[PDB]
Amino acid sequence: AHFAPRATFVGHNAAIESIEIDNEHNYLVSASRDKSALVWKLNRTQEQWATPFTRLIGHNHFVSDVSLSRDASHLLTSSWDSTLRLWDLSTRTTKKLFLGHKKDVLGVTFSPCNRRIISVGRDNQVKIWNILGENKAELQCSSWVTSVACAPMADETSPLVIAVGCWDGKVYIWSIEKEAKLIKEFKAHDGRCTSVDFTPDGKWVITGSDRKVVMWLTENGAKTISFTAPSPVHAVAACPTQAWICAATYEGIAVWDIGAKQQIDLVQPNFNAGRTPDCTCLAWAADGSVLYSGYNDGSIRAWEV
Amino acid sequence: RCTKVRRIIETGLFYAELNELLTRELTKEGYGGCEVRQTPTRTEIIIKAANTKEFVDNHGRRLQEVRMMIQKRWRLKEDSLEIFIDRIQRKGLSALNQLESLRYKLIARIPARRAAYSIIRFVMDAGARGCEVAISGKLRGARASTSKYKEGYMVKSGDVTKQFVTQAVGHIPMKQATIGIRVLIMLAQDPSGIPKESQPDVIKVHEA
Amino acid sequence: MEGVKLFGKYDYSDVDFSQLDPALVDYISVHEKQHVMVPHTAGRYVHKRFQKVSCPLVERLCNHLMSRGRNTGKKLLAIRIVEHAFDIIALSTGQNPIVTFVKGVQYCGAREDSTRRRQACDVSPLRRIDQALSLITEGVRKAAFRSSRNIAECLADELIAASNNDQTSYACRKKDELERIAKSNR
Amino acid sequence: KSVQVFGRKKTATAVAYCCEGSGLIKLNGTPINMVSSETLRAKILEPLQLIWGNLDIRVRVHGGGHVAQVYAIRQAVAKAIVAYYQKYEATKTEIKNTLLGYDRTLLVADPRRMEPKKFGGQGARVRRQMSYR
Amino acid sequence: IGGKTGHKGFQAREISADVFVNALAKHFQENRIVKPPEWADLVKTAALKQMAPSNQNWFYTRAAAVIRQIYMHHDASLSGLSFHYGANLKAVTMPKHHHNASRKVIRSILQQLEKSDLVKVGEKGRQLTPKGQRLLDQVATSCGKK
Amino acid sequence: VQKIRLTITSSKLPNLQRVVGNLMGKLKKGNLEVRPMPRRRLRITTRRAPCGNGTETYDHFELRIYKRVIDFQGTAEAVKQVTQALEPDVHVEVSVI
RNA sequence: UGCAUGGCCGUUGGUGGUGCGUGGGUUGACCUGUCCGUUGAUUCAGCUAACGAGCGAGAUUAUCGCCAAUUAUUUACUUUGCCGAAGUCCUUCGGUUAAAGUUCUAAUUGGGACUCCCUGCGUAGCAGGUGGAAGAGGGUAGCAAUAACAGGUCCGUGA
């Protein structure tokens, strides 16, 4: 069902590229184009939802992507600067930078179990670092790489699956174990492949330039279903708990119910010859309570079902 | 035992005297500049010219007239001086060389049209983007009057003049009056040849 | 930001701008942002036209009183003189200086002037309070030159009579010539 | 806990240095009462009047003349207070707002520097004086 | 607000420079430290200066100032002090230049101070001795109480 | 062993940056441990017209002096090999301390 | 002898200008190309017997301003620790191949600003505003077309 405006809150002057939330609740971090990445903390008390907790001043360009420990201690973040930065959560202060990656770095994730840092950008390689900070594996691809995501859980032994979405069109999926052998490679999108996320269970995967959100299979490949968005969508992210999938267009956020197989809702809040704000990222909380979305003027808006 | 300033300036002042010297000796051999390598005890110099055979004739006597003239001037020790020669590939595009060809003609009473369009054709066919030739002074009349002969295209402004445009000024004394010769020659950039980078005017878009 | 007072003495709580009159007050520049502990500042006020409004008004006087050719620069001199006016103003009358100051800035600058026959144009409020501060400070140095008397006093003599609308003042005499010339030419 | 940041007008450069302490602010080797002016006393304290009883600041300077050396210190005090609250965020953004409400020079500084001298004239833009006839 | 120190009592750095230097001038006239020279008394402080000093006890207020300025720069030379106490040259039709002070007046003091042991000579300029910088923090607590 | 300084000087920066690369490169091979000085603008400001005619116009001729200092501990055997770049308008003073 | 000349420089004018290939117009000098808004600008936009290549403008070079990587304990400093002198319970000085560095200092490689963003006005662009170290060529210089002046210099020259 549809959901009302809970709270806008702002502390961030340029746009927001990405956004992520630490485990359970409290503490979300909005990576910002300003080159400064905040962390908040959530009161959820009437008028103010959150207030800002730290600022991470260190990079010399926009901060692309931001990724978090299971503890919510030792978060990592990357920029076009061509480096990454581990930042102690409590005292800020960079712990160690990363050096090796040539061009602007667009995508970061951890594993589930704090094992392998997965940086990626426009040198056409997914680097796999150690948590120590030294380069283990150097996987390869045709074009630039916008986005990555990691399969949940796996209990250590299971291969930890890495979906990737490219600038040319293609969508790579990889195993790890040790050597990292790609399960499948496919021409997932017609032109540009913007953003990639997993289904929580991880049978399926999500990618989608040509106004088409397409789910695919984790093993081996080929499509389950193809939807059609109204106008071209920048970020995609499935709900944790319930069977939803959601997609940040210009016109709103297109809320597919996956079984019923249709857009139930489209939520933009109200505000000649101007663009007016796009939404460039989504973030479901870990409970599936609340939906945060980061915006192009420099704001974040919360909605709760 | 010098300052850090003076070792630069002495070496500069060495080079400019050396280069004005080898205008006046190597007019016949066809001079095209030089490079000087300076060491506290060893000096190595590359002379560059067209007629490399004209040195080596008479079992290399012509170079040993020059080498003593350098040695006695600055009072350097032999063994510690080490001259070579290295040949000019493409004499067409070096400016000091092609100046001398236009100097060679106008002494021997060729018309100035024919003298320019000798060398201006020879420059362009050899491999260059443009060239200009000026012959300033007194032919025919009592007043002096300027010829300018140009082809191709010839960039006159900015930084990009200094990188691309070779040029060379001179003069011919005569029975009647003092003419001035002047030859500007623009180059094409090579891919890492012997300039590297293209002009800041041009850009190139890739094919899809 | 609770006291907030000039030279560490006077306060801006007073000065009743609404009370002073209608119009004129706006280009006055005594509205909160303008208040500062010391009138000295790193000015960036000559960049784009109307930015002179957003600076403090007491500073704008201290700049006018910077002439001629020997006193150029040396602002740090001028803000002593305007201090030692604002002692003489306050401790003689018992009004505080800033109230009786801004009344002087009202009534000096003439409405109208001969635009080069000659025709009598009206004025902007910006050009009034400009030609307030000139015709005060012009009179001060013209008086103080050769006069065996300190210019802090000769400012304070000019500045009191500007408020009370007397023809003692070099300001308020010189407007009634300039305003009558506009009335004559017309 | 300690933070080390600079101010800068014209060609002054004043570094300041926060610690934990007991409300001591010290220029060169001495309290910032002692600048001997009565204008420029009140100019350095504009940062502090708006807003440090935890903090202990220790300021050293070079460059500039008498005025611009003060305007570096107003930057170095105010920035070092703001840089302390940033490291050691809610309250930093609102106390920083009180300065930027007052005046922009306490954090930002100004990039203007003197124009080089040009030939044919005694300074930059002035030129000597013509004759004619 | 005002600058606040630790350390309870007062030191030579703390109290103000116009005040301190004159209290240290008085502290020689009572004690018979320094003395006046007897040859001098009519001499210009510097050749550039247009007249003798006004004060007649001027010798001591200079001799206080040099000990104050040995304190604040640790070392103090003669030629360094001579350059300091000079000024611009005022009279002539040309533009004005920095000329130096007299040496002899300043030398006379820095020998007279080394009689009562208030300044040793060392490497680089002269630097004040354990006896010396004690005498300043006598006068700092004299004028700190005041 | 007599910890030795190089001191590398040049007119032109591209010609310098070859020699710094080589003399840093060779301390990789020999394995000797390896430890920018401020550049001078020699401004000479001649009046550009020959005669006294015309408006007084002045060309400014900056010669530039880029200056770098590598230094390292090295045993006289190893240092003879490293010293021997040979570039146009570059100098290298060796200095024992 | 600069009114016999070379080079170099000032100036007309550092303004926005200059003129080729093929085509067309004219008996011809010659014209067209090189013409209702915009820009510092023959700058772009679009008209259109012209279409297409130039040169100058722009780009580029140099520096000033803001960034953080890369180095520096005998050529810059800072912090902490030691040993001094005073204070005399913790404050300030001076020294130190002694441990960690880089905010000041020094200088190389890159990042950064584009009318991108919003609102008015009229596609080219313009005015204001937010943010920003910096906003409208970011500031200041350097370089600077063709065509000439009987302007200057035979007292700069082994012109």
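What follows draws every value from the coordinates through simple rules; no lab data is involved. Positions of Cβ are backbone-derived with ideal geometry, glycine not excepted, and every protein chain shown enters the neighbour counts.
Compute the Rg to Rh ratio over chain C from the alpha carbon atoms, using the Kirkwood formula for Rh, and round to two decimal places.
Values: Rg = 16.5 Å, Rh = 17.2 Å.
Rg divided by Rh gives 0.96.
Computed over the protein assembly as shown, the per-residue total of -39500 (n - 2.57) for DSSP H runs of n ≥ 4 gives a 222 nm mean residue ellipticity of -8500 deg cm²/dmol, rounded to 500.
Treating the beta-carbon of each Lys and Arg as +1 and of each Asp and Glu as -1, no other charges, what is the dipole magnitude of the range B:1-89 about its Cα centre, to the nearest 20 debye?
Working: 18 positive and 14 negative charges, 75 e Å.
The dipole magnitude comes to about 360 debye.
Electrostatic bookkeeping for B:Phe55 treats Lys and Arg as +1 and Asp and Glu as -1; over the other residues with beta carbon under 13 Å from its beta carbon, the sum is +1. For the pair the range B:1-37 / the range F:45-81, the C-alpha centres are spaced 16 Å from each other. Assuming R0 = 45 Å, can you tell me the calculated FRET efficiency for the pair C:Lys52 and F:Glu33, based on Cβ-Cβ distance, to the nearest 0.05? According to the calculation, E is roughly 0.10. Across the range F:50-97, Cα-Cα pairs more than 15 Å apart make up 67 percent of the total.
Compute the FRET efficiency between A:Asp168 and B:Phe84 as 1/(1 + (r/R0)^6), taking r as their Cβ-Cβ distance and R0 = 45 Å, and round to the nearest 0.05.
Numbers: r = 54 Å, r/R0 = 1.19.
It comes to 0.25.
Taking a threshold of 23 Å on the Cα-Cα distance, which of the pairs B:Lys162/D:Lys117; C:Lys75/C:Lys174; C:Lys33/C:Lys103; C:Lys75/D:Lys43 fall above it?
Working: B:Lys162/D:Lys117 27 Å; C:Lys75/C:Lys174 27 Å; C:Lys33/C:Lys103 20 Å; C:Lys75/D:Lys43 14 Å.
Pairs exceeding the cut-off: B:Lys162/D:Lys117; C:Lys75/C:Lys174.
Mind running the shape call on chain B? Use the C-alpha gyration tensor, a ≥ b ≥ c as the square roots of the eigenvalues: rounded below 1.5 for a/c, prolate if a/b tops b/c, oblate otherwise. Judged from the Cα gyration tensor, chain B comes out oblate (a/c at least 1.5, b/c at or above a/b). Projecting label points 7 angstrom from Cα along Cα→Cβ for C:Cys121 and F:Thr75 puts them 9.0 nm apart.
In this Cβ point-charge picture (+1 for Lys and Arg, -1 for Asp and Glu), chain A has a dipole of about 540 debye about its Cα centre. Computed over the range D:83-124, the alpha-carbon pair-distance distribution with 10 angstrom bins reads 23, 30, 17, 14, 13, 3, each value a whole percent. Could you compute the net charge surrounding B:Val5? Neighbours are other residues with a C-beta less than 11 Å from the C-beta of B:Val5; K and R count +1, D and E count -1. It works out to a net charge of +4.
Under a model in which nothing but the beta-carbon of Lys, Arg (+1) and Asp, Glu (-1) is charged, the range E:55-146 shows a dipole of about 220 debye around its Cα centre.
Rounded to the nearest 10 degrees, the inclination of helix E:58-72 to the longest alpha-carbon principal axis of chain E is 60 degrees. By the gyration tensor of its Cα atoms, with a ≥ b ≥ c the square roots of the eigenvalues, what is the shape of the range A:56-156: rounded for a/c under 1.5, prolate for a/b over b/c, or oblate? Oblate.
Centre-to-centre, using Cα atoms only, the range A:8-82 and the range C:102-130 are separated by 57 Å. The ranking of C:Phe50, A:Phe110 by Cβ neighbour count inside 10 Å, starting from the fewest, reads C:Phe50, A:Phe110. Between A:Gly121, A:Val236, A:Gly169, the Cα set farthest toward the positive side of the dipole of the range A:118-246 (charges on each charged residue's Cβ, about the Cα centre) is that of A:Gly169.
Shielding value for D:21-29 is 3, the average number of Cβ atoms from other chains within 10 Å of each residue's Cβ. Between C:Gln95 and F:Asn15, the modelled labels are 7.7 nm apart [label points 7 Å from Cα along Cα→Cβ]. Relative to one another, the C-alpha centroids of the range D:4-62 and the range B:83-137 are positioned 71 Å apart.
At a 10 Å Cβ-Cβ cut-off, how would you order E:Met94, F:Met24, fewest neighbours first? Don't skip to the answer; put the middle values down first.
Working: E:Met94 7, F:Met24 12.
Lowest count first: E:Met94, F:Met24.
Taken over the C-alpha atoms, the range B:68-155 has Rg and Dmax values of 18.6, 56 angstrom.
The mean number of partner chain beta-carbon atoms within 10 angstrom of a residue's beta-carbon across peptide E:1-11 is 4. When the charge dipole of the range A:6-305 is built from unit charges on Cβ atoms (+1 for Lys and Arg, -1 for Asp and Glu) and taken about the Cα centre, the candidate among A:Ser30, A:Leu291, A:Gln48 whose Cα reaches farthest toward its positive end is A:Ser30. When A:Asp123, E:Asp75 are arranged by Cβ crowding within 10 Å, least crowded first, meaning fewest neighbours, the order is E:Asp75, A:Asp123.
Can you give the FRET efficiency for B:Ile110 and F:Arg47, using 1/(1 + (r/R0)^6), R0 = 35 Å, r = Cβ-Cβ distance, to the nearest 0.05? Can you show the working numbers first?
On the way: r = 40 Å, r/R0 = 1.15.
After rounding, the FRET efficiency stands at 0.30.
Given the peptides B:69-81, A:184-196, A:78-90, arrange them by the average over their residues of other C-beta atoms within 10 Å, most packed first. Walk me through the intermediate numbers first.
Values: B:69-81: 11.8, A:184-196: 18.5, A:78-90: 20.2.
Going from most to least packed, we get A:78-90, A:184-196, B:69-81.
Over the range A:105-229, all Cα pairs binned in 5 Å intervals from 0 give whole-percent P(r) values of 2, 11, 23, 26, 21, 11, 5, 1, 0, listed from short to long. For the range D:13-133, the equivalent ellipsoid derived from the Cα gyration tensor has semi-axes of 38, 17, 12 Å, listed largest first.
If you build the Cα gyration tensor of chain E and take the root of 5 times each eigenvalue, what three semi-axes come out, in whole angstrom, biggest first? Don't skip to the answer; put the middle values down first.
Values: eigenvalues 157, 67, 51 Å².
Its equivalent ellipsoid spans semi-axes of 28, 18, 16 Å.
Projected label points at D:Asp110 and B:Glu17, each 7 Å from Cα along the beta carbon direction, are separated by 5.4 nanometres. Anisotropy class assigned to the protein assembly as shown is oblate, per the alpha carbon gyration tensor with a/c at or over the 1.5 cut-off and a/b no larger than b/c.
Here's the picture: a label point sits 7 Å out from the Cα of B:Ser147 along the beta-carbon direction, and within the range B:89-103 the residues with their amide nitrogen under 19 Å of it are B:96-103. At q = 0.14, 0.20, 0.21, 0.23 Å⁻¹ the log10 of I(q)/I(0) for the range B:90-208 amounts to -0.62, -1.08, -1.16, -1.32, computed by Debye summation with a single uniform scatterer per C-alpha, solvent ignored. Farthest toward the positive end of the dipole of the range D:1-103, out of D:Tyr17, D:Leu48, D:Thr98, is the Cα of D:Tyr17, where the dipole comes from beta carbon charges about the Cα centre.
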